[PDB]
$ cat protein31.txt   # compact mmCIF, N, CA and C atoms
# COMPACT_ATOMS: atom_id res chain seq x y z
N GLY A 1 68.92 48.48 -59.64
CA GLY A 1 68.36 47.60 -58.60
C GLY A 1 68.09 46.22 -59.15
N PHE A 2 67.18 45.49 -58.51
CA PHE A 2 66.83 44.11 -58.87
C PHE A 2 65.32 43.97 -59.09
N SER A 3 64.91 42.98 -59.90
CA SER A 3 63.51 42.63 -60.09
C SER A 3 62.86 42.21 -58.77
N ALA A 4 61.54 42.37 -58.62
CA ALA A 4 60.82 41.55 -57.65
C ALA A 4 61.01 40.06 -57.99
N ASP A 5 61.06 39.20 -56.98
CA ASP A 5 61.36 37.77 -57.13
C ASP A 5 62.71 37.49 -57.80
N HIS A 6 63.72 38.33 -57.53
CA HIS A 6 65.11 38.04 -57.89
C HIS A 6 65.56 36.75 -57.22
N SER A 7 66.39 35.95 -57.89
CA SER A 7 66.70 34.60 -57.44
C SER A 7 67.59 34.52 -56.20
N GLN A 8 68.30 35.59 -55.84
CA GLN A 8 69.28 35.58 -54.75
C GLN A 8 69.02 36.57 -53.61
N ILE A 9 68.16 37.58 -53.77
CA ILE A 9 68.01 38.68 -52.80
C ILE A 9 66.57 38.77 -52.34
N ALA A 10 66.30 38.77 -51.04
CA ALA A 10 64.96 38.90 -50.49
C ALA A 10 64.54 40.37 -50.34
N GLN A 11 63.42 40.76 -50.93
CA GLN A 11 62.90 42.13 -50.89
C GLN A 11 61.45 42.14 -50.45
N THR A 12 60.98 43.18 -49.77
CA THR A 12 59.59 43.27 -49.35
C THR A 12 58.63 43.27 -50.54
N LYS A 13 59.06 43.77 -51.70
CA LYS A 13 58.29 43.67 -52.95
C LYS A 13 58.20 42.27 -53.58
N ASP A 14 58.89 41.26 -53.06
CA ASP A 14 58.76 39.88 -53.55
C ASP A 14 57.37 39.31 -53.26
N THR A 15 56.86 38.44 -54.13
CA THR A 15 55.51 37.86 -54.00
C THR A 15 55.34 37.01 -52.75
N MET A 16 56.40 36.37 -52.27
CA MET A 16 56.32 35.48 -51.11
C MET A 16 55.91 36.18 -49.81
N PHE A 17 56.07 37.50 -49.71
CA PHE A 17 55.68 38.27 -48.53
C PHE A 17 54.30 38.91 -48.64
N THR A 18 53.60 38.75 -49.77
CA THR A 18 52.29 39.40 -49.98
C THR A 18 51.30 39.05 -48.87
N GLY A 19 50.73 40.08 -48.25
CA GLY A 19 49.79 39.93 -47.15
C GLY A 19 50.41 39.57 -45.79
N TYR A 20 51.72 39.74 -45.60
CA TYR A 20 52.35 39.77 -44.27
C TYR A 20 52.72 41.18 -43.81
N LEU A 21 52.72 42.16 -44.71
CA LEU A 21 53.15 43.53 -44.45
C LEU A 21 51.95 44.48 -44.39
N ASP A 22 51.11 44.29 -43.38
CA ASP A 22 49.89 45.07 -43.20
C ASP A 22 50.16 46.47 -42.61
N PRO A 23 49.48 47.53 -43.10
CA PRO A 23 49.52 48.85 -42.49
C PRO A 23 49.03 48.86 -41.04
N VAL A 24 49.51 49.80 -40.24
CA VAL A 24 48.92 50.10 -38.92
C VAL A 24 47.61 50.88 -39.09
N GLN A 25 46.58 50.54 -38.32
CA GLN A 25 45.30 51.24 -38.34
C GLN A 25 45.40 52.61 -37.67
N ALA A 26 45.04 53.68 -38.38
CA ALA A 26 45.06 55.05 -37.88
C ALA A 26 43.65 55.62 -37.64
N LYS A 27 43.54 56.76 -36.96
CA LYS A 27 42.29 57.52 -36.87
C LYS A 27 41.97 58.25 -38.18
N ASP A 28 40.74 58.71 -38.36
CA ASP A 28 40.38 59.55 -39.50
C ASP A 28 40.82 61.00 -39.28
N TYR A 29 41.92 61.42 -39.90
CA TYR A 29 42.43 62.79 -39.81
C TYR A 29 41.61 63.80 -40.62
N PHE A 30 40.66 63.35 -41.44
CA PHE A 30 39.91 64.18 -42.38
C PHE A 30 38.42 64.26 -42.06
N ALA A 31 38.00 63.87 -40.86
CA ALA A 31 36.59 63.88 -40.48
C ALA A 31 36.04 65.30 -40.37
N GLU A 32 34.93 65.59 -41.04
CA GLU A 32 34.15 66.81 -40.76
C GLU A 32 33.39 66.67 -39.44
N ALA A 33 33.14 67.78 -38.74
CA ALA A 33 32.33 67.78 -37.53
C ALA A 33 30.88 67.39 -37.82
N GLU A 34 30.17 66.84 -36.83
CA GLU A 34 28.75 66.52 -36.97
C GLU A 34 27.92 67.79 -37.13
N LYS A 35 27.08 67.84 -38.17
CA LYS A 35 26.10 68.91 -38.35
C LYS A 35 25.09 68.93 -37.21
N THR A 36 24.45 70.07 -36.99
CA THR A 36 23.44 70.24 -35.94
C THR A 36 22.26 71.08 -36.43
N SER A 37 21.10 70.97 -35.79
CA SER A 37 19.89 71.65 -36.24
C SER A 37 20.04 73.16 -36.16
N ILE A 38 19.80 73.86 -37.26
CA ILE A 38 19.85 75.32 -37.31
C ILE A 38 18.56 75.95 -36.81
N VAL A 39 17.41 75.34 -37.10
CA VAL A 39 16.11 75.84 -36.67
C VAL A 39 16.02 75.91 -35.15
N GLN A 40 16.63 74.95 -34.45
CA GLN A 40 16.70 74.95 -32.99
C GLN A 40 17.58 76.06 -32.38
N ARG A 41 18.37 76.81 -33.16
CA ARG A 41 18.97 78.07 -32.67
C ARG A 41 18.02 79.25 -32.76
N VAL A 42 17.34 79.40 -33.89
CA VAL A 42 16.60 80.63 -34.21
C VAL A 42 15.18 80.65 -33.66
N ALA A 43 14.47 79.53 -33.68
CA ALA A 43 13.09 79.46 -33.21
C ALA A 43 13.01 79.28 -31.70
N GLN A 44 11.94 79.76 -31.07
CA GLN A 44 11.75 79.61 -29.63
C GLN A 44 11.33 78.18 -29.26
N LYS A 45 11.96 77.59 -28.24
CA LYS A 45 11.57 76.29 -27.71
C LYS A 45 10.43 76.43 -26.71
N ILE A 46 9.36 75.69 -26.92
CA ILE A 46 8.10 75.76 -26.18
C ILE A 46 7.84 74.48 -25.38
N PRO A 47 7.38 74.55 -24.12
CA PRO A 47 6.98 73.38 -23.36
C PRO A 47 5.92 72.57 -24.10
N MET A 48 6.18 71.28 -24.31
CA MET A 48 5.40 70.41 -25.18
C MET A 48 5.15 69.08 -24.50
N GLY A 49 3.96 68.51 -24.68
CA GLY A 49 3.58 67.21 -24.15
C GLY A 49 3.01 66.30 -25.23
N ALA B 1 37.95 34.24 -33.83
CA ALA B 1 36.90 34.61 -34.78
C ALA B 1 37.41 35.26 -36.08
N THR B 2 38.61 35.83 -36.08
CA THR B 2 39.25 36.41 -37.27
C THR B 2 39.71 35.37 -38.29
N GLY B 3 39.90 34.12 -37.88
CA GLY B 3 40.69 33.16 -38.64
C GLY B 3 42.20 33.33 -38.47
N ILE B 4 42.96 32.46 -39.13
CA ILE B 4 44.41 32.27 -38.99
C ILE B 4 45.10 32.32 -40.35
N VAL B 5 46.35 32.77 -40.41
CA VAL B 5 47.25 32.59 -41.56
C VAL B 5 48.52 31.85 -41.19
N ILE B 6 48.98 30.99 -42.10
CA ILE B 6 50.11 30.09 -41.96
C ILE B 6 51.09 30.35 -43.11
N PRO B 7 52.37 30.66 -42.84
CA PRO B 7 53.42 30.76 -43.84
C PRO B 7 53.99 29.38 -44.14
N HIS B 8 53.45 28.68 -45.13
CA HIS B 8 53.93 27.36 -45.51
C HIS B 8 55.28 27.47 -46.23
N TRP B 9 56.31 26.77 -45.76
CA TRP B 9 57.62 26.81 -46.43
C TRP B 9 57.66 25.94 -47.68
N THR B 10 58.32 26.40 -48.75
CA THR B 10 58.43 25.63 -50.01
C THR B 10 59.81 25.68 -50.66
N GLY B 11 60.79 26.38 -50.09
CA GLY B 11 62.08 26.63 -50.73
C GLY B 11 63.14 25.56 -50.47
N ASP B 12 63.82 25.13 -51.53
CA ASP B 12 64.99 24.25 -51.47
C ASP B 12 66.26 25.04 -51.11
N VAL B 13 66.43 25.36 -49.83
CA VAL B 13 67.64 25.99 -49.28
C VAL B 13 68.84 25.05 -49.42
N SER B 14 70.06 25.56 -49.60
CA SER B 14 71.24 24.73 -49.88
C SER B 14 72.56 25.27 -49.30
N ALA B 15 73.52 24.38 -49.08
CA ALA B 15 74.87 24.67 -48.60
C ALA B 15 75.89 23.77 -49.29
N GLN B 16 77.16 24.16 -49.33
CA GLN B 16 78.20 23.40 -50.02
C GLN B 16 79.45 23.21 -49.17
N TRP B 17 80.18 22.13 -49.43
CA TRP B 17 81.49 21.88 -48.87
C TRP B 17 82.52 22.79 -49.53
N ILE B 18 83.43 23.34 -48.73
CA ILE B 18 84.25 24.50 -49.08
C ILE B 18 85.70 24.27 -48.61
N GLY B 19 86.69 24.60 -49.45
CA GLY B 19 88.10 24.63 -49.06
C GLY B 19 88.47 25.88 -48.24
N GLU B 20 89.76 26.17 -48.06
CA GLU B 20 90.19 27.35 -47.30
C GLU B 20 89.80 28.66 -47.98
N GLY B 21 90.15 28.82 -49.25
CA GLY B 21 89.98 30.07 -49.98
C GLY B 21 88.80 30.08 -50.94
N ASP B 22 88.02 29.01 -51.02
CA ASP B 22 86.87 28.95 -51.91
C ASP B 22 85.81 29.94 -51.44
N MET B 23 85.36 30.84 -52.32
CA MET B 23 84.41 31.87 -51.92
C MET B 23 82.98 31.33 -51.97
N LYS B 24 82.20 31.60 -50.92
CA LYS B 24 81.03 30.83 -50.49
C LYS B 24 79.78 31.11 -51.34
N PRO B 25 78.88 30.13 -51.52
CA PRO B 25 77.69 30.27 -52.34
C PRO B 25 76.58 31.07 -51.65
N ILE B 26 75.62 31.56 -52.43
CA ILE B 26 74.50 32.38 -51.95
C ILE B 26 73.17 31.66 -52.23
N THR B 27 72.22 31.70 -51.30
CA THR B 27 70.94 30.98 -51.36
C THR B 27 69.75 31.84 -50.91
N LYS B 28 68.52 31.42 -51.22
CA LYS B 28 67.28 32.15 -50.90
C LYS B 28 66.14 31.18 -50.58
N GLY B 29 65.27 31.52 -49.63
CA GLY B 29 64.10 30.72 -49.26
C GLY B 29 62.89 30.88 -50.18
N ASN B 30 61.77 30.24 -49.85
CA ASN B 30 60.49 30.48 -50.50
C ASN B 30 59.31 30.08 -49.60
N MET B 31 58.16 30.74 -49.75
CA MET B 31 56.99 30.59 -48.88
C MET B 31 55.68 30.70 -49.65
N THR B 32 54.59 30.25 -49.04
CA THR B 32 53.22 30.51 -49.51
C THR B 32 52.29 30.83 -48.35
N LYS B 33 51.43 31.84 -48.50
CA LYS B 33 50.34 32.13 -47.57
C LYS B 33 49.26 31.06 -47.69
N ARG B 34 48.87 30.45 -46.58
CA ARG B 34 47.65 29.64 -46.43
C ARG B 34 46.79 30.22 -45.31
N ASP B 35 45.47 30.09 -45.39
CA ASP B 35 44.55 30.74 -44.45
C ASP B 35 43.37 29.86 -44.04
N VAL B 36 42.80 30.12 -42.86
CA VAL B 36 41.69 29.33 -42.30
C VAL B 36 40.67 30.26 -41.68
N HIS B 37 39.41 30.20 -42.12
CA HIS B 37 38.30 30.99 -41.59
C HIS B 37 37.28 30.10 -40.91
N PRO B 38 36.87 30.37 -39.66
CA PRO B 38 35.84 29.60 -38.99
C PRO B 38 34.49 29.66 -39.72
N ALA B 39 33.67 28.63 -39.57
CA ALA B 39 32.30 28.54 -40.06
C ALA B 39 31.38 28.02 -38.96
N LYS B 40 30.11 28.43 -38.96
CA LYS B 40 29.14 27.99 -37.97
C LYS B 40 28.42 26.72 -38.37
N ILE B 41 28.04 25.98 -37.35
CA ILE B 41 27.08 24.89 -37.40
C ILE B 41 26.06 25.11 -36.29
N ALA B 42 24.78 24.94 -36.59
CA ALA B 42 23.72 25.27 -35.65
C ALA B 42 22.43 24.49 -35.90
N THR B 43 21.57 24.42 -34.89
CA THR B 43 20.24 23.79 -34.96
C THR B 43 19.32 24.34 -33.88
N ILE B 44 18.00 24.23 -34.05
CA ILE B 44 16.99 24.71 -33.10
C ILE B 44 16.03 23.58 -32.76
N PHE B 45 15.54 23.51 -31.53
CA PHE B 45 14.43 22.62 -31.18
C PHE B 45 13.41 23.30 -30.27
N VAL B 46 12.16 22.84 -30.33
CA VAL B 46 10.97 23.56 -29.85
C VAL B 46 10.06 22.64 -29.03
N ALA B 47 9.46 23.13 -27.95
CA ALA B 47 8.62 22.36 -27.03
C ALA B 47 7.48 23.21 -26.44
N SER B 48 6.38 22.61 -25.98
CA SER B 48 5.34 23.37 -25.29
C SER B 48 5.79 23.80 -23.90
N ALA B 49 5.28 24.91 -23.36
CA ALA B 49 5.64 25.32 -22.00
C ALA B 49 5.26 24.27 -20.94
N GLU B 50 4.21 23.50 -21.17
CA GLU B 50 3.84 22.34 -20.35
C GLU B 50 4.94 21.27 -20.35
N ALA C 1 90.32 21.58 -34.26
CA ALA C 1 90.60 22.18 -35.56
C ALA C 1 91.78 21.56 -36.32
N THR C 2 92.77 20.99 -35.63
CA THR C 2 93.93 20.35 -36.28
C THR C 2 93.69 18.89 -36.68
N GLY C 3 92.53 18.32 -36.34
CA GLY C 3 92.22 16.92 -36.64
C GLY C 3 92.72 15.93 -35.60
N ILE C 4 92.69 14.65 -35.96
CA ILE C 4 92.86 13.49 -35.07
C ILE C 4 93.72 12.43 -35.76
N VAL C 5 94.50 11.65 -35.01
CA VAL C 5 95.08 10.38 -35.48
C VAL C 5 94.68 9.21 -34.60
N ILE C 6 94.38 8.08 -35.24
CA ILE C 6 93.87 6.86 -34.63
C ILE C 6 94.83 5.71 -34.95
N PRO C 7 95.46 5.07 -33.96
CA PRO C 7 96.37 3.95 -34.18
C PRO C 7 95.58 2.65 -34.31
N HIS C 8 95.11 2.34 -35.52
CA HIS C 8 94.33 1.13 -35.75
C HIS C 8 95.19 -0.12 -35.58
N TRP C 9 94.77 -1.07 -34.74
CA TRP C 9 95.52 -2.30 -34.50
C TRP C 9 95.38 -3.33 -35.62
N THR C 10 96.46 -4.01 -36.00
CA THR C 10 96.44 -5.05 -37.05
C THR C 10 97.26 -6.30 -36.73
N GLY C 11 97.77 -6.44 -35.51
CA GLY C 11 98.69 -7.51 -35.13
C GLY C 11 98.01 -8.80 -34.65
N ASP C 12 98.49 -9.94 -35.14
CA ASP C 12 98.12 -11.28 -34.67
C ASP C 12 98.91 -11.66 -33.41
N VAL C 13 98.54 -11.10 -32.26
CA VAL C 13 99.12 -11.46 -30.96
C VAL C 13 98.75 -12.90 -30.61
N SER C 14 99.66 -13.65 -29.98
CA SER C 14 99.47 -15.07 -29.70
C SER C 14 100.10 -15.52 -28.38
N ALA C 15 99.58 -16.60 -27.81
CA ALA C 15 100.06 -17.22 -26.59
C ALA C 15 99.90 -18.73 -26.70
N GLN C 16 100.70 -19.50 -25.96
CA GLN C 16 100.73 -20.95 -26.11
C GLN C 16 100.69 -21.67 -24.77
N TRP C 17 100.03 -22.82 -24.75
CA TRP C 17 100.02 -23.74 -23.62
C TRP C 17 101.35 -24.46 -23.48
N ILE C 18 101.84 -24.59 -22.25
CA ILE C 18 103.19 -25.09 -21.96
C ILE C 18 103.24 -25.93 -20.68
N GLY C 19 104.21 -26.84 -20.59
CA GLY C 19 104.53 -27.59 -19.36
C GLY C 19 105.39 -26.80 -18.38
N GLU C 20 105.86 -27.42 -17.30
CA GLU C 20 106.64 -26.72 -16.26
C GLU C 20 107.96 -26.14 -16.78
N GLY C 21 108.76 -26.97 -17.44
CA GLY C 21 110.11 -26.61 -17.86
C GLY C 21 110.20 -26.12 -19.30
N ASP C 22 109.07 -25.85 -19.95
CA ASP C 22 109.02 -25.50 -21.36
C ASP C 22 109.40 -24.05 -21.63
N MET C 23 109.84 -23.77 -22.85
CA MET C 23 110.30 -22.47 -23.28
C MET C 23 109.14 -21.54 -23.65
N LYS C 24 108.99 -20.43 -22.94
CA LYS C 24 107.90 -19.47 -23.17
C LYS C 24 108.13 -18.75 -24.51
N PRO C 25 107.15 -18.66 -25.43
CA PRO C 25 107.35 -18.17 -26.79
C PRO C 25 107.36 -16.64 -26.89
N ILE C 26 107.88 -16.08 -27.99
CA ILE C 26 108.03 -14.62 -28.21
C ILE C 26 107.11 -14.11 -29.32
N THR C 27 106.47 -12.95 -29.12
CA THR C 27 105.51 -12.32 -30.05
C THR C 27 105.66 -10.80 -30.18
N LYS C 28 104.96 -10.19 -31.14
CA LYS C 28 105.02 -8.76 -31.48
C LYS C 28 103.65 -8.26 -31.96
N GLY C 29 103.32 -6.99 -31.70
CA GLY C 29 102.09 -6.36 -32.20
C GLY C 29 102.21 -5.79 -33.61
N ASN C 30 101.15 -5.15 -34.11
CA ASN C 30 101.20 -4.35 -35.33
C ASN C 30 100.12 -3.26 -35.35
N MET C 31 100.36 -2.15 -36.04
CA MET C 31 99.51 -0.96 -36.06
C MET C 31 99.55 -0.23 -37.40
N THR C 32 98.58 0.64 -37.65
CA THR C 32 98.55 1.56 -38.79
C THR C 32 97.82 2.83 -38.39
N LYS C 33 98.49 3.99 -38.42
CA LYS C 33 97.87 5.25 -38.01
C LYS C 33 96.99 5.80 -39.12
N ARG C 34 95.68 5.87 -38.88
CA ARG C 34 94.68 6.57 -39.69
C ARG C 34 94.56 8.02 -39.21
N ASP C 35 94.20 8.96 -40.07
CA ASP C 35 94.06 10.38 -39.72
C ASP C 35 92.73 10.99 -40.18
N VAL C 36 92.25 12.01 -39.47
CA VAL C 36 90.99 12.70 -39.77
C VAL C 36 91.20 14.20 -39.75
N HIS C 37 90.75 14.91 -40.78
CA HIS C 37 90.79 16.38 -40.85
C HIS C 37 89.39 16.95 -41.04
N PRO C 38 88.98 17.99 -40.31
CA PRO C 38 87.71 18.66 -40.55
C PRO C 38 87.63 19.34 -41.92
N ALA C 39 86.41 19.59 -42.39
CA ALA C 39 86.12 20.40 -43.57
C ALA C 39 84.96 21.36 -43.29
N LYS C 40 84.98 22.55 -43.91
CA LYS C 40 83.91 23.53 -43.79
C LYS C 40 82.74 23.22 -44.70
N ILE C 41 81.56 23.55 -44.21
CA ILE C 41 80.34 23.70 -45.00
C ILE C 41 79.75 25.06 -44.67
N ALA C 42 79.35 25.83 -45.68
CA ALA C 42 78.90 27.20 -45.47
C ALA C 42 77.93 27.66 -46.55
N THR C 43 77.14 28.68 -46.25
CA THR C 43 76.21 29.33 -47.19
C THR C 43 75.88 30.76 -46.76
N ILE C 44 75.48 31.63 -47.68
CA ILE C 44 75.13 33.04 -47.41
C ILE C 44 73.70 33.32 -47.88
N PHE C 45 72.94 34.17 -47.20
CA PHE C 45 71.67 34.69 -47.70
C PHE C 45 71.53 36.19 -47.47
N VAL C 46 70.78 36.88 -48.33
CA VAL C 46 70.82 38.34 -48.50
C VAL C 46 69.42 38.93 -48.50
N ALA C 47 69.20 40.06 -47.84
CA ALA C 47 67.91 40.74 -47.78
C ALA C 47 68.06 42.26 -47.82
N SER C 48 67.05 42.99 -48.28
CA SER C 48 67.03 44.45 -48.16
C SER C 48 66.92 44.88 -46.70
N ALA C 49 67.46 46.04 -46.34
CA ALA C 49 67.36 46.55 -44.98
C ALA C 49 65.90 46.77 -44.52
N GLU C 50 64.99 47.04 -45.45
CA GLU C 50 63.54 47.09 -45.20
C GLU C 50 62.99 45.73 -44.78

$ encode --input "protein31.txt" --output "structure tokens"
Amino acid sequence: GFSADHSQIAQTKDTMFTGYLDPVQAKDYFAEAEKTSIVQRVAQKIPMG
Amino acid sequence: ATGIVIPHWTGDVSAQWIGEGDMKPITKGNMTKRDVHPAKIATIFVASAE
Amino acid sequence: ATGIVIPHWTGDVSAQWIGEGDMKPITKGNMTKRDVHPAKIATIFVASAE
């Protein structure tokens, strides 16, 4: 192949294109679900004021 | 509000005069990133309700 | 694509003042054909398919 910044051939790895080739923004595929209170399953809920 | 980027051109692109069978020359451009970010200017003034 | 020819004029054409019965004078033109042919100018540039 050729070096980056080769004198005759334009490549995306050349320095002149740095910061024009931005990734597309994706969702978080690795998110854990939100935790929830465990005590509120087992204990009785009482009318409170 | 994001600011702007400008691809400033800097390359000496070139072409040549050519006969019938003369095989043609090869050339390449050049560029630089330039950028602009907004900044605030602000002031406050105060008075009695009267 | 075949070019052009231009008949550039170079003749000293002339005329003379005369009386009623006077002999009208004789003259001739002159020319030189100049020619023009086109020429190519060309250049190539190259990039990765990416």

$ residues_around --input "protein31.txt" --residues "segment 39-44 of chain B" --least-positions-apart "2" --cutoff "12 Å" --atoms "only C-alpha atoms" --output "mmCIF file with N, CA and C atoms, in the frame of the given file"
data_model
loop_
_atom_site.group_PDB
_atom_site.id
_atom_site.type_symbol
_atom_site.label_atom_id
_atom_site.label_comp_id
_atom_site.auth_asym_id
_atom_site.auth_seq_id
_atom_site.Cartn_x
_atom_site.Cartn_y
_atom_site.Cartn_z
ATOM 1 N N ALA B 1 37.950 34.240 -33.830
ATOM 2 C CA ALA B 1 36.900 34.610 -34.780
ATOM 3 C C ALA B 1 37.410 35.260 -36.080
ATOM 4 N N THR B 2 38.610 35.830 -36.080
ATOM 5 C CA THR B 2 39.250 36.410 -37.270
ATOM 6 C C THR B 2 39.710 35.370 -38.290
ATOM 7 N N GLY B 3 39.900 34.120 -37.880
ATOM 8 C CA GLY B 3 40.690 33.160 -38.640
ATOM 9 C C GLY B 3 42.200 33.330 -38.470
ATOM 10 N N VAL B 36 42.800 30.120 -42.860
ATOM 11 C CA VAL B 36 41.690 29.330 -42.300
ATOM 12 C C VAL B 36 40.670 30.260 -41.680
ATOM 13 N N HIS B 37 39.410 30.200 -42.120
ATOM 14 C CA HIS B 37 38.300 30.990 -41.590
ATOM 15 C C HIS B 37 37.280 30.100 -40.910
ATOM 16 N N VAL B 46 12.160 22.840 -30.330
ATOM 17 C CA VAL B 46 10.970 23.560 -29.850
ATOM 18 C C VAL B 46 10.060 22.640 -29.030
ATOM 19 N N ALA B 47 9.460 23.130 -27.950
ATOM 20 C CA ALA B 47 8.620 22.360 -27.030
ATOM 21 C C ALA B 47 7.480 23.210 -26.440
#

$ interface_residues --input "protein31.txt" --of "chain A" --to "chain C" --cutoff "12 Å" --atoms "only C-alpha atoms" --output "JSON, numbers by chain"
{"A": [1, 2, 4, 5, 6, 7, 8, 9, 10, 11, 12, 13, 14, 21]}

$ interface_residues --input "protein31.txt" --of "chain B" --to "chain C" --cutoff "7 Å" --atoms "only N, CA and C atoms" --output "PyMOL selection string"
chain B and resi 14-19+24-28

$ write_last_selection --input "protein31.txt" --atoms "N, CA and C atoms" --output "mmCIF file, in the coordinates of the input"
data_model
loop_
_atom_site.group_PDB
_atom_site.id
_atom_site.type_symbol
_atom_site.label_atom_id
_atom_site.label_comp_id
_atom_site.auth_asym_id
_atom_site.auth_seq_id
_atom_site.Cartn_x
_atom_site.Cartn_y
_atom_site.Cartn_z
ATOM 1 N N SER B 14 70.060 25.560 -49.600
ATOM 2 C CA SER B 14 71.240 24.730 -49.880
ATOM 3 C C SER B 14 72.560 25.270 -49.300
ATOM 4 N N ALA B 15 73.520 24.380 -49.080
ATOM 5 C CA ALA B 15 74.870 24.670 -48.600
ATOM 6 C C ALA B 15 75.890 23.770 -49.290
ATOM 7 N N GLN B 16 77.160 24.160 -49.330
ATOM 8 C CA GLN B 16 78.200 23.400 -50.020
ATOM 9 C C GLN B 16 79.450 23.210 -49.170
ATOM 10 N N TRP B 17 80.180 22.130 -49.430
ATOM 11 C CA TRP B 17 81.490 21.880 -48.870
ATOM 12 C C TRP B 17 82.520 22.790 -49.530
ATOM 13 N N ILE B 18 83.430 23.340 -48.730
ATOM 14 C CA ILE B 18 84.250 24.500 -49.080
ATOM 15 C C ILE B 18 85.700 24.270 -48.610
ATOM 16 N N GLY B 19 86.690 24.600 -49.450
ATOM 17 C CA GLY B 19 88.100 24.630 -49.060
ATOM 18 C C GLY B 19 88.470 25.880 -48.240
ATOM 19 N N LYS B 24 82.200 31.600 -50.920
ATOM 20 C CA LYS B 24 81.030 30.830 -50.490
ATOM 21 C C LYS B 24 79.780 31.110 -51.340
ATOM 22 N N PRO B 25 78.880 30.130 -51.520
ATOM 23 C CA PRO B 25 77.690 30.270 -52.340
ATOM 24 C C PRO B 25 76.580 31.070 -51.650
ATOM 25 N N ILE B 26 75.620 31.560 -52.430
ATOM 26 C CA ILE B 26 74.500 32.380 -51.950
ATOM 27 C C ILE B 26 73.170 31.660 -52.230
ATOM 28 N N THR B 27 72.220 31.700 -51.300
ATOM 29 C CA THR B 27 70.940 30.980 -51.360
ATOM 30 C C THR B 27 69.750 31.840 -50.910
ATOM 31 N N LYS B 28 68.520 31.420 -51.220
ATOM 32 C CA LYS B 28 67.280 32.150 -50.900
ATOM 33 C C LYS B 28 66.140 31.180 -50.580
#

$ residues_near_point --input "protein31.txt" --point "(49.6, 40.3, -46.1)" --cutoff "12 Å" --atoms "only C-alpha atoms" --output "PyMOL selection string"
(chain A and resi 12-23) or (chain B and resi 4-7+32-35)

$ write_last_selection --input "protein31.txt" --atoms "N, CA and C atoms" --output "mmCIF file, in the coordinates of the input"
data_model
loop_
_atom_site.group_PDB
_atom_site.id
_atom_site.type_symbol
_atom_site.label_atom_id
_atom_site.label_comp_id
_atom_site.auth_asym_id
_atom_site.auth_seq_id
_atom_site.Cartn_x
_atom_site.Cartn_y
_atom_site.Cartn_z
ATOM 1 N N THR A 12 60.980 43.180 -49.770
ATOM 2 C CA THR A 12 59.590 43.270 -49.350
ATOM 3 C C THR A 12 58.630 43.270 -50.540
ATOM 4 N N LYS A 13 59.060 43.770 -51.700
ATOM 5 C CA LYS A 13 58.290 43.670 -52.950
ATOM 6 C C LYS A 13 58.200 42.270 -53.580
ATOM 7 N N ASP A 14 58.890 41.260 -53.060
ATOM 8 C CA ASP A 14 58.760 39.880 -53.550
ATOM 9 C C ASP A 14 57.370 39.310 -53.260
ATOM 10 N N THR A 15 56.860 38.440 -54.130
ATOM 11 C CA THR A 15 55.510 37.860 -54.000
ATOM 12 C C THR A 15 55.340 37.010 -52.750
ATOM 13 N N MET A 16 56.400 36.370 -52.270
ATOM 14 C CA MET A 16 56.320 35.480 -51.110
ATOM 15 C C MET A 16 55.910 36.180 -49.810
ATOM 16 N N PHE A 17 56.070 37.500 -49.710
ATOM 17 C CA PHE A 17 55.680 38.270 -48.530
ATOM 18 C C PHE A 17 54.300 38.910 -48.640
ATOM 19 N N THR A 18 53.600 38.750 -49.770
ATOM 20 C CA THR A 18 52.290 39.400 -49.980
ATOM 21 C C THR A 18 51.300 39.050 -48.870
ATOM 22 N N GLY A 19 50.730 40.080 -48.250
ATOM 23 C CA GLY A 19 49.790 39.930 -47.150
ATOM 24 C C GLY A 19 50.410 39.570 -45.790
ATOM 25 N N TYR A 20 51.720 39.740 -45.600
ATOM 26 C CA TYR A 20 52.350 39.770 -44.270
ATOM 27 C C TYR A 20 52.720 41.180 -43.810
ATOM 28 N N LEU A 21 52.720 42.160 -44.710
ATOM 29 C CA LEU A 21 53.150 43.530 -44.450
ATOM 30 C C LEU A 21 51.950 44.480 -44.390
ATOM 31 N N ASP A 22 51.110 44.290 -43.380
ATOM 32 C CA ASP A 22 49.890 45.070 -43.200
ATOM 33 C C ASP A 22 50.160 46.470 -42.610
ATOM 34 N N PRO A 23 49.480 47.530 -43.100
ATOM 35 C CA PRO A 23 49.520 48.850 -42.490
ATOM 36 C C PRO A 23 49.030 48.860 -41.040
ATOM 37 N N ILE B 4 42.960 32.460 -39.130
ATOM 38 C CA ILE B 4 44.410 32.270 -38.990
ATOM 39 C C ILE B 4 45.100 32.320 -40.350
ATOM 40 N N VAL B 5 46.350 32.770 -40.410
ATOM 41 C CA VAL B 5 47.250 32.590 -41.560
ATOM 42 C C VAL B 5 48.520 31.850 -41.190
ATOM 43 N N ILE B 6 48.980 30.990 -42.100
ATOM 44 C CA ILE B 6 50.110 30.090 -41.960
ATOM 45 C C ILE B 6 51.090 30.350 -43.110
ATOM 46 N N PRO B 7 52.370 30.660 -42.840
ATOM 47 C CA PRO B 7 53.420 30.760 -43.840
ATOM 48 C C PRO B 7 53.990 29.380 -44.140
ATOM 49 N N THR B 32 54.590 30.250 -49.040
ATOM 50 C CA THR B 32 53.220 30.510 -49.510
ATOM 51 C C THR B 32 52.290 30.830 -48.350
ATOM 52 N N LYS B 33 51.430 31.840 -48.500
ATOM 53 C CA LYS B 33 50.340 32.130 -47.570
ATOM 54 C C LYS B 33 49.260 31.060 -47.690
ATOM 55 N N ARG B 34 48.870 30.450 -46.580
ATOM 56 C CA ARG B 34 47.650 29.640 -46.430
ATOM 57 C C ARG B 34 46.790 30.220 -45.310
ATOM 58 N N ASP B 35 45.470 30.090 -45.390
ATOM 59 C CA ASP B 35 44.550 30.740 -44.450
ATOM 60 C C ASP B 35 43.370 29.860 -44.040
#

$ atom_distance --input "protein31.txt" --atom1 "atom CA of residue 11 of chain C" --atom2 "atom CA of residue 38 of chain C"
28.9 Å

$ select_by_dssp --input "protein31.txt" --residues "chain C" --states "strand (DSSP E or B)" --output "MDAnalysis selection string"
chainID C and resid 4:9 31:36 40:42 44 46:47

$ atom_distance --input "protein31.txt" --atom1 "atom C of residue 25 of chain A" --atom2 "atom N of residue 31 of chain B"
28.1 Å
